[PDB]
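Sequence order for the protein chains is O and X. Under the authors' numbering, the first residue of the first sequence carries the number 7, and numbering increases by one thereafter. Under the authors' numbering, the first residue of the second sequence carries the number 1, and numbering increases by one thereafter. Positions of the beta carbon are idealized from the N, C-alpha and C atoms, including for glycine. What follows is a set of notes on a single structure, which appears directly below.
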Amino acid sequence: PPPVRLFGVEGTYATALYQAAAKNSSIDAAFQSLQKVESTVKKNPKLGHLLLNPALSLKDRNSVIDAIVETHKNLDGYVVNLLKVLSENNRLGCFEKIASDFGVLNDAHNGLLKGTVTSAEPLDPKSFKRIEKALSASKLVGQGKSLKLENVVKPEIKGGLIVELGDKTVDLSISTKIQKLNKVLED
Amino acid sequence: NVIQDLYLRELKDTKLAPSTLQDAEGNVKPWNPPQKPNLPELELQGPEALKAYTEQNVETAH
Numbered sequence: 007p008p009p010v011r012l013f014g015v016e017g018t019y020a021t022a023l024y025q026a027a028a029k030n031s032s033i034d035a036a037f038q039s040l041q042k043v044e045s046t047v048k049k050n051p052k053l054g055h056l057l058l059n060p061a062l063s064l065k066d067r068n069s070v071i072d073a074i075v076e077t078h079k080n081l082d083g084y085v086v087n088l089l090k091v092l093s094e095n096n097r098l099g100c101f102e103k104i105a106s107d108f109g110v111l112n113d114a115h116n117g118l119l120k121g122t123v124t125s126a127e128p129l130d131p132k133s134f135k136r137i138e139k140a141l142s143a144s145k146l147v148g149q150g151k152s153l154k155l156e157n158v159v160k161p162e163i164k165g166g167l168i169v170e171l172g173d174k175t176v177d178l179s180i181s182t183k184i185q186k187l188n189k190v191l192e193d
Numbered sequence: 001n002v003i004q005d006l007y008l009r010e011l012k013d014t015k016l017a018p019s020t021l022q023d024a025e026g027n028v029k030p031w032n033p034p035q036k037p038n039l040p041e042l043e044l045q046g047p048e049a050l051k052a053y054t055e056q057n058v059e060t061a062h
């Protein structure tokens with residue numbers, strides 16, 4: 007079964023798409039074409055991203071597909087069948103959802119892992135690099151995998167850092183420590 | 001770290017506030033004496049009672 011499962015509808019579409027292109031052994035091709043069709047959809051904002059509104063016909067939906075494969079003739083072919091499927095199931099409206107989902111699945115296959123270093127305010131680039139080095143070095147990143155570490159700004163977390171990746175976290179923050187500290191002196 | 005900061009601040013910068021033993025007294029029940037020995041006083045002294053009793057109830061044993 008394809009590594010990394012995607013629960014629920016729209017990601018069942020992604021799961022299918024990946025495994026279908028995995029047996030064709032043309033996943034990179036799929037990914038590239040998916041980025042391209044998503045991009046030219048996204049870059050056509052009014053009329054063709056804001057006319058993904060759910061109200062179009064069966065026949066009009068088919069013709070939206072025909073315009074999409076008119077827009078560029080470079081598509082994997084599995085993803086040309088996928089366009090048909092989403093139209094046919096008339097769930098075409100969620101288009102980008104499947105795209106994003108295929109992306110999540112894909113870059114897991116590629117090996118890339120994503121992390122997060124939430125903090126109160128943005129932290130140093132020196133800190134970013136030191137943490138990135140450490141985190142990549144650690145056994146947590148198995149290696150043969152990469153870490154796109156993203157600092158995000160969350161004011162709610164007061165100071166510190168929280169490392170997140172692999173649904174495994176180490177939370178050493180002042181807000182979290184303060185919570186536990188306060189609690190212990192209210193006993 | 002934060003632990004140290006808290007430790008430092010808490011211990012050093014404030015301690016107990018005032019509180020007097022005298023104020024405590026109001027909120028507790030204070031010792032008071034067990035007044036009175038409570039001496040009982042002799043009753044029925046003398047044959048005054050006896051003469052009265054012999055005479056008063058003459059009801060014989062049956």
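Would you please state the rounded distance, in angstroms, between the beta carbons of O:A105 and O:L40? I believe it to be under 8 Å.
6 Å
Helix, strand or coil, according to DSSP, for O:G148 in the structure here?
coil
Would you say O:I168 faces chain X, with C-beta separation under 8 Å as the test?
no
Might you give, ordered along the chain, the residues of its own chain that have their beta carbon closer than 6 Å to the beta carbon of O:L92, omitting 5 neighbours on each side?
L98
Please report the straight-line C-alpha distance between O:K189 and X:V2, rounded to a whole angstrom.
14 Å
Would you say O:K183 reaches chain X, if we count a Cβ-Cβ gap shorter than 8 Å as a contact?
yes
Backbone secondary structure at O:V75 - three-state DSSP
helix
Please name the residue, chosen from O:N59, O:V47, O:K164 and O:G83, that lies closest to O:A73 on a Cα-to-Cα basis.
O:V47
Following the continuous beta strand (DSSP E) through O:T122, name the residue where it begins and the one where it ends.
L119 to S125
I need the DSSP call for O:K154, collapsed to helix, strand or coil.
strand
Indicate whether at least one CB of chain O lies closer than 8 Å to the CB of X:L16.
no
Taking the C-alpha atoms as reference points, what is the distance between X:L11 and X:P34?
47 Å
Does the ligand HEM have a heavy atom nearer than 7 Å to the CB of O:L98?
With respect to small molecules bound, the structure shown includes none, and the ligand HEM cannot be examined in it.
Can you list, in chain order, the residues of the stretch 109 to 143 of chain O whose Cβ is nearer than 9 Å to any Cβ on chain X?
none
Does the beta-carbon of O:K135 have 16 or more other beta-carbons within 10 angstroms, so that it is buried, or is it exposed?
exposed
Please check if any C-beta of chain X sits within less than 8 Å of the C-beta of O:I163.
no
Any chain O beta carbon closer than 8 Å to X:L8:
no
Exposure label - O:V147; buried when at least 16 CB within 10 Å:
buried
For the stretch 114 to 128 of chain O against the stretch 78 to 85 of chain O, are there 3 or more C-beta pairs whose distance is under 8 Å?
no
Taking the continuous beta strand (DSSP E) assigned at O:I168, which residues delimit it?
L167 to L171
DSSP three-state call for X:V58: helix, strand or coil?
coil
Pull up the distance between the alpha-carbon of O:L88 and that of O:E162, whole angstroms please.
41 Å
Alpha carbons only, please: which of O:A28, O:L62, O:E192 and O:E44 is nearest the one belonging to O:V75?
O:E44
Within this structure, are the beta carbons of O:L191 and O:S179 separated by less than 8 Å?
no
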